[PDB]
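In what follows, a single structure is set out as structure tokens and then discussed.
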Amino acid sequence: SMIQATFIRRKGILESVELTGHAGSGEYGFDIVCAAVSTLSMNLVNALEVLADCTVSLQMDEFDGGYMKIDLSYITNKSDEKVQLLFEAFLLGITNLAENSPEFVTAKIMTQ
Amino acid sequence: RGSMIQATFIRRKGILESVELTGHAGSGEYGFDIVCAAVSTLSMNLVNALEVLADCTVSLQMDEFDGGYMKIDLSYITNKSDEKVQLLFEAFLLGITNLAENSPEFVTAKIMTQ
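Going down the list, the protein sequences come from chains A and B.
Here the first sequence stands for residues 1 to 112, numbered as in this note's numbering.
Here the second sequence stands for residues 1001 to 1114, numbered as in this note's numbering.
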């Protein structure tokens, strides 16, 4: 069991993220890390709404090891410091977890 | 048994300055741990995001023992009123808030202002 995280930073700013494999896999040591991923995942989507007045493009489910995509491409708000500052903390949170448990987590970043 | 983590937020003058976390570390069963893993992540993230992105260093304090004890404090950090610092903190308050809402039996949070 492994969680896959891919961020997309276009010209210096975070645009989207496409996490997969979280949303449990009854494997405790893993489910632990999944909780972690999901906590950070939903907080972003929430804090971005509540605190940044940004309603991101969300897509999700907990089927076959869950899949969740958060897009900001179709939004001319993504450049708001408050949006970007929050997205950066999410990248900083996912990044540390994939380096603390490279066994369970993988964080990639495509720059363009 | 008696599995409960509490988030005590103090807000002095419109801005958050500290928060205390006790019990979030250690066991209680499976579902409890999951919550602990969630609080500890949001908690460790705030400390890291504040130092790295927020240019603000924080007074930390923890004893893995006795349920676990966290105390992220900003009462004496010059830039504590700084808006970057406050946004990241606000969101930490939002995360901890829903997490306590979704799992009332494992997490409790209060905000007492001064």
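Cβ coordinates follow ideal geometry from the N, Cα and C atoms, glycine included.
Could you pull out every unbroken alpha helix (DSSP H) segment of at least 4 residues lying fully inside the stretch 22-65 of chain A, listed in chain order?
29-50
Buried or exposed (CB count within 10 angstroms, at least 16 for buried), A:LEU72
buried
Bridge partners of A:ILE109, per DSSP?
A:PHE7
Cutoff 6 Å; reference A:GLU81; Cβ partners in own chain excluding five residues on either side:
none
Would you please verify whether the beta carbon of A:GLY65 is less than 9 Å from any beta carbon of chain B?
no
Evaluate the contact criterion for the stretch 1049-1066 of chain B versus the stretch 58-71 of chain A: three or more CB pairs, one atom per stretch, below 8 Å.
no
Alpha carbon to alpha carbon, what distance is there between B:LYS1080 and B:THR1113?
16 Å
Separation of B:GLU1051 from B:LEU1093, as counted between CA atoms
18 Å
Exposed unless 16 or more other CB atoms sit within 10 angstroms - verdict on B:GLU1029
exposed
For the stretch 34-52 of chain A, which residues have a CB atom closer than 9 Å to at least one CB atom of chain B, in sequence order?
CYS34, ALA35, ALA36, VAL37, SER38, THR39, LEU40, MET42, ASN43, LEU44, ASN46, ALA47, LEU48, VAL50, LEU51 and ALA52
Answer yes or no: do B:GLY1067 and B:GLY1023 have a C-beta to C-beta separation smaller than 9 Å?
yes
is_contact[A:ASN77, chain B] using C-beta, thresh 9 Å:
no
Anything in the stretch 1087-1113 of chain B with a Cβ closer than 8 Å to a Cβ of chain A? List those residues in chain order, please.
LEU1087, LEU1088, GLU1090, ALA1091, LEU1094, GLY1095, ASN1098 and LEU1099
What residues are listed by DSSP as bridge partners for B:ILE1015?
B:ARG1012
Where does A:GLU15 land, buried or exposed, given buried means 16+ other C-beta within 10 angstroms?
buried
Run down chain B in chain order and give the residues with a C-beta less than 8 Å from the C-beta of A:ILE32.
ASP1033, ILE1034 and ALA1037
Relative to the C-alpha of B:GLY1026, which candidate in B:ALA1037, B:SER1043 and B:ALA1007 has its C-alpha closest?
B:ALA1037
Where B:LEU1074 sits in the DSSP three-state scheme:
coil
Any chain A beta carbon closer than 9 Å to B:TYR1030
yes
B:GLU1090 by DSSP, collapsed to three states: which one?
helix
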